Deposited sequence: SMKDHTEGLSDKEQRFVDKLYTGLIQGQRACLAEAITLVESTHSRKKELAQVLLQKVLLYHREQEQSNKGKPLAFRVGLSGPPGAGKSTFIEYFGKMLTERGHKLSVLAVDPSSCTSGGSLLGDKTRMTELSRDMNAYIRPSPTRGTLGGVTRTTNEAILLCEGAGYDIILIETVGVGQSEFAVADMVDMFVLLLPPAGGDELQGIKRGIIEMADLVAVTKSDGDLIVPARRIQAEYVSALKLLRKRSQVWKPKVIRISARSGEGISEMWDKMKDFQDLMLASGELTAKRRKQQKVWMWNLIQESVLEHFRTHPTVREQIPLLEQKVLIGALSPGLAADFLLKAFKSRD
């Protein structure tokens, strides 16, 4: 009954009904996880209806944004997000930490990767057409993000394989020259890589330089990915990986709790460590024990 209201309020566009929905989905308590799953399944059915009633075309554009600390991410999101909402867009910003004036904006929602897909789906369900996933670095959590988005963007300061677009930040005042230099270096680096051709642009949230041109290259990437069929192929691939991880997690809870498996596990771990048994043979044994 509670799920049905939080569902209705989220799909009607009420910000609080989506802010509580994400908190629910993020919970570790068993009863709260059961409520989150029911809610997510209602959203999944509706999400499928909305795309079918949009002639198979997706309803949002998922953007992954990353860079080092101090790159100018927060300042960029604030400028870029205001530019989006003013043009008619409803924008979500979801930060994922491996470690403003936009918060006052009625058309924007500002909130590891364990529930990120669930949050993306809740936002698309709520009616947002631009989902921005913000992260830090050039490593592990950054790779998980690239696999949850349509387009991956890198913000690199003035003072790369997976990136669809690279933006050289703070290209203002006495940092224009170093920014033009770093840009030249990245354009040079890409020209050597074997594969849309990733672009290197210079921006400034302080001056506004290159921000509109960035959004236009983003819309071009989007257009190409839809026309070529690569966007749906990528989403399909991403969906398979996500669905399988949800199913394998359920396969293992059911398996590790089964009384025969529980009862044999301690003895089996001892045998493996003492070098009396291999993990593969210990696993074969357990699988047979579960079956019989």
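Counting from residue 1 of the deposited sequence, the stretches lacking C-alpha coordinates in this chain are 1-14, 114-128, 141-150, 199-210, 247-250, 348-349.
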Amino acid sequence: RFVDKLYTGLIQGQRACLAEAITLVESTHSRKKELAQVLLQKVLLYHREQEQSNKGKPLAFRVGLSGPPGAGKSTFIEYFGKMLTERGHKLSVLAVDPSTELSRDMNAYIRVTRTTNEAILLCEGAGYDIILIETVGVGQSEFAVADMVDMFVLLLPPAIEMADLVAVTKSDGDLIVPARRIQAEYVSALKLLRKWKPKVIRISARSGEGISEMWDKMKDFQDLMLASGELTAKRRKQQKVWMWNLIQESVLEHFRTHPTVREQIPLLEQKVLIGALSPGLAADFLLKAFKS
From here on, numbers count along this sequence of modelled residues.
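Two stretches are in play, 270-278 and 20-28, and the higher mean C-alpha B-factor belongs to 20-28. Comparing 211-219 with 100-108, the higher mean C-alpha B-factor in the PDB entry belongs to 100-108. You'll see in the entry that, of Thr113, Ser204, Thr85, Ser188, the Cα B factor peaks at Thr113. Across the residues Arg262, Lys42, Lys237, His254, the deposited record lists the maximum Cα B factor for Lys42. Residue-level temperature factors show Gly56 in the highest third of its chain, judged at the C-alpha atom.
In the PDB entry, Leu246 places in the middle third of its chain by CA B-factor. In the deposited entry, the Cα temperature factor of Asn117 sits in the middle third of values across the chain's modelled residues. The PDB entry assigns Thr135 a C-alpha temperature factor belonging to the middle third of its chain's modelled residues. Among the modelled residues of the chain, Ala159 sits in the highest third by CA temperature factor in this PDB entry.
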